[PDB]
Structure formats: structure tokens, C-alpha cells
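Next up is one chain by itself, shown in C-alpha cells, the form solved without the ligand.
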């Protein structure tokens, strides 16, 4: 369950999540667009899911893609600020999951975000240990999908 998944994020994982977010979160426009573009480059099959965003090849130039990327970063910001209270983390994760469930995104597909996140972290000198801490947070959301 979502609680089980969340309830496991240990004090060390919370620390790595926060430390890394201090950096990749300080520049939401840049990193967020980086996440999306990388996701499209490595998993072309997901481009169709974003038809409403227009031409995603435009990158930073596409306002729809830019506004979406910035907003996505605030969803993560929200998850990070609720790390100390499982109760709050869970209920916010639940609301969030609804959007991707109606979007027909399965747990396995949503998991594809791991690759990109890993690459954005690396570009900032945050190795495997950190990528793993993020896969745990991503796992909490997967438990609600």
C-alpha cells in the first residue's frame, strides 16, 4: 500500500532526497524541461501521451511544454516538503495519482521517469546513491497507481 511504501522512506533516504533537491529544485524551469526532453529522447513511445503539449521537439521554446515542466517540479517540491509526515505525504500522493490514473498511466510506465531523473541528477554530480533514493519516492507514487 501507499502507506507501506511511504512509511519505509528512512531518515537517510529523506536526507539524500532533500540534499539533492536543494540543487535540482533551485532551477525548476531548466531541470524540469531537461527531465521531459530526456524522457522523450529515451522513451519515444511516451511522446504520444503528450499530444496536448503541441510540438515537444521545440523544448524550452514550447510554452506548453515549459509551463508543464515547471508545474511538474512543484509536484515534486510538494512531495519533498511532506516527507516528515507520512499522513500528509500519502494524501497528497493520492490526489496526484488520480491525474495519472485518468491519464491511463500504469505503475510500470510511470516508473520510466527513473531513467531521466537519474541523468539529471548525474549532470549535477549526484551519483547512484541519490538516484536510488529518488526511485524510492517514485515507488510511493507507483503504489497508488
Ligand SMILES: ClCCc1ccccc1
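Residue numbers count along the first chain shown, from 1.
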### Higher-B stretch (mean Cα B-factor, as the entry records it), 29-37 or 55-63
55-63
### Summary
Once average C-alpha B-factors are taken from the entry for 131-139 and 6-14, the winner is 6-14
### Task
Name the residue from 112, 68, 95, 104 with the greatest C-alpha temperature factor listed in the entry.
104
### Query
Out of 120, 90, 76, 83, which residue has the highest Cα temperature factor in the PDB record?
83
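Although not depicted, the form solved in complex with the ligand is the subject of the following passage.
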### Message
Is residue 24 part of the interface with the ligand in the deposited bound form - any heavy atom within 4.5 Å?
### Response
yes
### Task
Please run the contact check for residue 120 against the ligand in the deposited bound form: heavy atoms, 4.5 angstroms, yes or no?
yes
### Query
If you check in the deposited bound form, is residue 89 within 4.5 Å of the ligand, heavy atoms only?
no
### Query
Does residue 83 reach the ligand in the deposited bound form if we count a contact as any heavy atom within 4.5 Å?
no
### Query
Each of 3, 7 and 144 near the ligand in the deposited bound form, meaning some heavy atom within 4.5 Å?
no
### Task
Would you give me the residues of 28-45 that have any heavy atom within 4.5 Å of the ligand in the deposited bound form, in order from first to last?
31, 35
